[PDB]
*Asks:* 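Before anything else, here's the structure in question.
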Amino acid sequence: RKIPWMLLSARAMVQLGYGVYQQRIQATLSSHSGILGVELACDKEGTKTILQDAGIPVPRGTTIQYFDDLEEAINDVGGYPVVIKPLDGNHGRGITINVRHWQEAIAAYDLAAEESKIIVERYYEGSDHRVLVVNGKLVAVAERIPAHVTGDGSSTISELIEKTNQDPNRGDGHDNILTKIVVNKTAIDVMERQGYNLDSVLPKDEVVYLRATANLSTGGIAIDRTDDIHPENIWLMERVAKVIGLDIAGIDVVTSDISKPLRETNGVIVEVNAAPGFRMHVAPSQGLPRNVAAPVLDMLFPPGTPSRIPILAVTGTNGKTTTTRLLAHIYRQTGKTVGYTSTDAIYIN
Amino acid sequence: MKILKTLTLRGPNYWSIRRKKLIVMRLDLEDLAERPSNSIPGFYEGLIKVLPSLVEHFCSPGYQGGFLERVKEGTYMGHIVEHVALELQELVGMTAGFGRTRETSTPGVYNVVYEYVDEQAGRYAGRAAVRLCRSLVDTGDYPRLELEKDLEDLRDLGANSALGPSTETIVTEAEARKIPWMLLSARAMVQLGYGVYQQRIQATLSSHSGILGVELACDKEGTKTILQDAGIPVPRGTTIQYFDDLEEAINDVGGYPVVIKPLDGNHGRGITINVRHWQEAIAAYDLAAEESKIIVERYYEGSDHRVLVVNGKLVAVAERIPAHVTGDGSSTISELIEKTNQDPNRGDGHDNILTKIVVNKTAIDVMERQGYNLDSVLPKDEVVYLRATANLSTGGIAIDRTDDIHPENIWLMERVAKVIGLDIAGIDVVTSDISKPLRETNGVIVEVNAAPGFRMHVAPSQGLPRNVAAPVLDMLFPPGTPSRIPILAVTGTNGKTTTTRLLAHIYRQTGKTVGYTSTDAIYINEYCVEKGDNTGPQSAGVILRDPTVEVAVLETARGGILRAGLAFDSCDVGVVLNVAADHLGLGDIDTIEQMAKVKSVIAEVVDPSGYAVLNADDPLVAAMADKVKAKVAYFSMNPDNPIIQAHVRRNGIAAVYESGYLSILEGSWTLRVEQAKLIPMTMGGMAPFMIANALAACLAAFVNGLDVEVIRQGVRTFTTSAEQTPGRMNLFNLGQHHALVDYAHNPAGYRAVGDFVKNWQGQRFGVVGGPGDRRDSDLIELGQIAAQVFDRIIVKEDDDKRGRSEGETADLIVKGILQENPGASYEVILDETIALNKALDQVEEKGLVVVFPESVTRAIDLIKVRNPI
Amino acid sequence: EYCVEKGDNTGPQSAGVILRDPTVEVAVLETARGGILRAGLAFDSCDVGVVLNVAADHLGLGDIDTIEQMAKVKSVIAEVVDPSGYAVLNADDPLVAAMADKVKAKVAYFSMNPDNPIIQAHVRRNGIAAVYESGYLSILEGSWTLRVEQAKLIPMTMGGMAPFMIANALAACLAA
Amino acid sequence: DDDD
Amino acid sequence: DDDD
Ligand SMILES: Nc1ncnc2c1ncn2[C@@H]1O[C@H](COP(=O)(O)OP(=O)(O)CP(=O)(O)O)[C@@H](O)[C@H]1O
Ligand SMILES: Nc1ncnc2c1ncn2[C@@H]1O[C@H](COP(=O)(O)OP(=O)(O)CP(=O)(O)O)[C@@H](O)[C@H]1O
Ligand SMILES: Nc1ncnc2c1ncn2[C@@H]1O[C@H](COP(=O)(O)OP(=O)(O)CP(=O)(O)O)[C@@H](O)[C@H]1O
Ligand SMILES: Nc1ncnc2c1ncn2[C@@H]1O[C@H](COP(=O)(O)OP(=O)(O)CP(=O)(O)O)[C@@H](O)[C@H]1O
Ligand SMILES: [Mg+2]
Ligand SMILES: [Mg+2]
Ligand SMILES: [Mg+2]
Ligand SMILES: [Mg+2]
Ligand SMILES: [Mg+2]
Ligand SMILES: [Mg+2]
């Protein structure tokens, strides 16, 4: 688009444009992103409170400061199918997604207890969808699926991993679309809960997950679903971004069918993320890539506006300084701010 | 004395339009109701000695002591509980003075109404007034300790809810400018304005403050780098990670006169401002070493100045000086502190301009460096500092220097705020003379602070106070822009929901986002946000806080007003459709004259630049015109209405039904909108009550600025079909036969339906019902209405709920219907499931069956079993 | 600063030259009693109406013999100010301050003495006033004080030695 | 942190 | 923290 750019001397910032038309960015944050919005988005309790007060569907749940009250909390939440998270935010660890029994709730309790004193949420069924909204307007939707292998014949999991991890579209770190499947004690813990281990043979078409959550960097996939989203769901997503005051936002939605209204499929909004990444939308594993940047530059530099200021460059062997002072003096009679440089000094008005 | 019920009102209400903050207590005088003080020995002296201040209360007598002229001549505890609750709040600094007492229900139950400042403190004072007053009508006194502890609880309750002073500063100016404000449910945020014009603040941060700017401002190394790259003067200095390199660093910095700070930021501690010798540098080094690994800065001379910039423009400048004493005669420092710490302008915490001087080991450390201690005598005019840095909260001073700043320095300060990307910023400058350019005085910029406080600029110790908030509100709400969206409030006994849906439909034809609330749901542009009865102030707040809404249309019910007041304070259009004898006996309203006072609340909150829309065919509603401060518009079903004629002759506006048309009379000109028979909500012109609802909606849209063509488009495409408005005139076509399902309550709805039926030029008029068991003695009135409207009257009043006994309701209906016209096959069948509402084959071709079910859902399900068109 | 006509140009015939002029954006008009008594005002209504003082001049002329009658002529300006506009009255003048009870417009006051009960009662209800205090010409807007300038630094006033020039300056500042 |  |  012919917009000039520069790196700045502090905090990894980049400048776009010249003089009075300049803008700054830093990764996915910009000069248009407000602080009140970004801080609210980082407060899970605060975000939930604000959205449910606006009539927006969110998960049902409570606060237990590691007291053995889980057996009663389920009466307010909706029975045992619950989600237990560590109360604080310290990576995706110590989380049980689908608790079905009393003793499971306790095992989750004991792990949750590791973090400072989001517990017993009702468990909702569906897929994990990421919705990208840029200027109060929807840009892209992607479905996220965790690393897995399937019953592709009567082979074991270690055999299936070696078979599918040879796929040519799987390359190291941010190098190829997909990445490699790696098994560790945490993959084993996930497989054991499904009734399988590395030497187990899967039944035809059985699906076994090697991770509890979806992430492309851990070997999962991302499917573009941008054109399959229902008009009412589009309206709701845009309203959420406006309520929480963020320009560029990622919204995490759990639903079985993005093509039906969330009220009919019993879906919920789980999280609002300020300054989301773009890999899943510009390099999806299925579907067509989207030009995510174009909507960002359009809000920073709206159609019809300049990104540059006039530049008058004077050279030659003799007379440059005199010519420069006179030309700056003439422009100044129009009432504008004129900056100039010469061999004597740098001036502004 | 027992308290049965407590209500908290927040907005214009029944008791007062202006007194928005009221507590209504329902007090049951089990005792005392029969003992008017003179029957309670000692209850005069006891009340005054416990609360000696209760002389400032006036009552019916317009006198100081007017309250105490009585008391001994009792009021049956009216006035006494009321005045004590008000005084208990006054004793702790919360000022409230309004109050009223009225008897309700059975004898002895009273409504005690009093004003509050803080919601919890208000309710607390009410309960405390009852305990104080009850003890004194049992015994003759009240323990002092039982008064002191209650006053302590009120002081804490009124402190816990206080806004900080920077928020109070902005909020107070916002009120002066008529900008509405609300507290939000998370992170101590405050909302300013409605709908699409809303802004948010949090202390000194706002919706216009960017994150990149605020984070850069908190990074001292980052800030310095960015400013020196722009040609802006900053202190010279280095980075030493606690190595003994200080003796060399001074060669790059400028010799020994240096400043040594702990490398990290952990309060103003471990800092040496003016190092002159090698060993001093080491003592500073050892202290600096306490924090994580801003050292050896050149020391600059001058005073500490704070410059406030708001929107790339300078607002205020103040000079800050640390707590000190001077050689005010041959006195010691401890003597000088006691002498100057008695200054009347020195008061505690944020209470007085200046605060107290306090000495501790840190003050001593500062004094020792100057060669003095507490028992030392200072030489005449010597100045000794008790603090290393300036802060008003530590006993220093602030001097306004706003008008003494040089034009070049003004230019530089504004450029600094723009370079670091902050809207509201404090800039810390060190200079000997703010009236000369910084390049001539060798001054520097030391720090840039995002979201600075305001005490030093709005309450300086020397110089004139500045209105800092005004420049903030001007960027949030620029001159010429609105802070509010249009509000159209609809009330009255009957027709609110229908009128509300039509009016929202008409506004929607302009392409704007229209939000509305009704008894069925909350909607935005045809999307349903919430379902169920959504009338009342809690739902109104969903629409007003919504960032996308441009127009708000709200139906308003009496339950909402009586329980908590109105949610919006003022509106542009207020519509009152009718007053009728429904809901009497509920909510302490027994008469029609009282019901009229509830409905009039809407008319009285219309802004003077707006309109009230009144029904000229209704004697209680038309009369409200004499209370309204707003303009008045009228509607009627009869052009020959003296009110309408007198009004248009003075160039007013009215809407009338004439010659088959719905038209607007504007002075001498007539504007026809459409024909009644061509507007689908009205059954071919056969439903006079639907025509009246349409006139009210058309007139409200017109007086608020919509064009006639828009109004025509809106009325022509509006529908109220079955399953859109179930139970509200659902007419079903079943071959040469019709059935109508409706849901009347008060008698006006039975008469309105009866008129539709009278116009039915078909065959028999049959009715299959009457009232349920929860009505008062109006069963006869219903029977009298059916008797003259229907020629087939069958009674089914034995419903499933059976609120009272069995078939007695049916027996009373039969008594009523046979009273006026005992010739309509007066069968009583009692069953109303598939018995009477199925027996439609007893009516000939083109007859009409009118159904008044307990449950609409069943009535409109059964009628479909017959395969309607 | 271009002169269109010279001579006594007060009165409704001159006011009409300015009002009919296609280039004018702001009209400032001095109004004399001869004009009002002879033919009425030329403009019907205005935004700011300023009454500086009533004094016993021109009595016996134009059928006005008393000071109470002269006050009724001057009050014509105060009574034609549009309800959305302002009347500017002299709080140190008993006949002028009294006009405040006839005015349908908002009222602003000026004085040479901050300790004037009218001014104090008025600012306590959040009105606007201009006073001379501490060597400064300042505006009182509710609880806030706005200093405009020092009397000694304003050239029309002879170094602060001409109280009547200070009063004229306060009226002009308040109207603006 | 507020009021810097 | 970036790329949430
Ligand atoms: N109440 C709930 N019901 C169902 N699934 C839920 C859920 N709460 C969270 N999840 C699932 O868990 C996923 C991630 O868990 P969670 O939201 O607790 O992680 P997190 O907030 O720490 C973000 P990250 O995992 O990226 O660090 C969500 O995207 C969703 O698929
Ligand atoms: N065509 C020309 N225009 C202007 N000055 C000229 C000239 N030819 C020669 N001169 C001489 O050149 C001198 C230097 O002028 P000026 O300082 O404006 O030039 P300049 O900025 O190109 C030189 P530098 O290389 O130092 O930047 C003038 O004082 C004049 O005597
Ligand atoms: N290089 C320097 N030369 C002279 N005085 C300096 C200075 N650096 C700081 N100061 C003085 O020290 C004061 C406060 O010290 P400093 O700026 O280190 O504190 P700080 O950044 O922790 C803010 P606070 O003290 O409010 O917490 C400044 O306002 C200034 O008067
Ligand atoms: N003037 C009037 N306008 C409209 N309907 C009227 C009426 N007088 C009686 N009715 C009857 O009142 C019924 C209820 O109408 P609607 O539901 O619109 O009223 P409303 O919302 O005021 C009652 P609620 O108290 O339940 O909110 C209509 O179906 C009609 O039969
Ligand atoms: Mg997530
Ligand atoms: Mg050269
Ligand atoms: Mg040169
Ligand atoms: Mg500082
Ligand atoms: Mg009702
Ligand atoms: Mg209703």
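Below, chain A is the first sequence line, B the second, and so on; all start at residue 1.
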*Asks:* Measure the spacing between CE of B:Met189 and CD of A:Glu39 and express it to the nearest 0.5 Å.
*Replies:* 9.5 Å

*Asks:* A:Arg11 and side chain to side chain contact (heavy atoms under 4.5 Å, CB included): which partner among B:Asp219, B:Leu212, B:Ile226?
*Replies:* B:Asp219

*Asks:* May I ask you to check whether over 12 heavy atoms, not counting those of A:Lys320, lie within 6.0 Å of atom NZ?
*Replies:* yes

*Asks:* In terms of heavy-atom contacts, does CZ of A:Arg325 have more than 12 from other residues, nucleotides or ligands at under 6.0 Å?
*Replies:* no

*Asks:* More than 12 foreign heavy atoms under 6.0 Å from OH of A:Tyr331: is that the case here?
*Replies:* no

*Asks:* Roughly how far apart are B:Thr225 OG1 and A:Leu8 CG, rounded to 0.5 Å?
*Replies:* 11.5 Å

*Asks:* More than 12 non-hydrogen atoms from neighbouring residues, nucleotides or ligands closer than 6.0 Å to OH on B:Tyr527, yes or no?
*Replies:* yes

*Asks:* Taking all non-hydrogen atoms of both residues into account, name the closest pair between A:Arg24 and B:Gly421 and its distance.
*Replies:* NH1-N, 4.4 Å

*Asks:* Considering only heavy atoms from C-beta outward, does the side chain of B:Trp411 approach that of A:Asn349 to under 4.5 Å?
*Replies:* no

*Asks:* Is the closest basic N to carboxylate O distance between B:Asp546 and A:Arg239 below 4.0 Å?
*Replies:* yes

*Asks:* Chain A heavy atoms under 4.5 Å from B:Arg545: which part of the residue, side chain, backbone, both or neither?
*Replies:* side chain

*Asks:* Is it the side chain or the backbone of A:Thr47 that comes within 4.5 Å of chain B heavy atoms, both, or neither?
*Replies:* neither

*Asks:* Is A:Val38 close to chain B through its backbone or its side chain, or both, or neither, when contacts mean heavy atoms under 4.5 Å?
*Replies:* side chain

*Asks:* What do you reckon, is OH of B:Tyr523 surrounded by more than 12 foreign heavy atoms closer than 6.0 Å?
*Replies:* no

*Asks:* Under 4.5 Å from any heavy atom of chain B, what part of A:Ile56 do you find: side chain, backbone, both or neither?
*Replies:* neither

*Asks:* For each of A:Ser31, A:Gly136, A:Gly37, A:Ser33, tally heavy-atom pairs with chain B at distances under 4.5 Å, and name the one with the top tally.
*Replies:* A:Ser33

*Asks:* Is the CD atom of A:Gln333 crowded by more than 12 outside heavy atoms at less than 6.0 Å?
*Replies:* yes

*Asks:* At their closest point, which heavy atom of B:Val529 faces which heavy atom of A:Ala54, and how far apart are they?
*Replies:* CG1-O, 3.9 Å

*Asks:* Looking at OG of B:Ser185 and CD of A:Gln52, how far apart are the two atoms once the value is rounded to the nearest 0.5 Å?
*Replies:* 8.5 Å

*Asks:* Which region of B:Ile543, side chain (C-beta onward) or backbone (N, CA, C, O), has a non-hydrogen atom less than 4.5 Å from a non-hydrogen atom of chain A, or is it both or neither?
*Replies:* neither

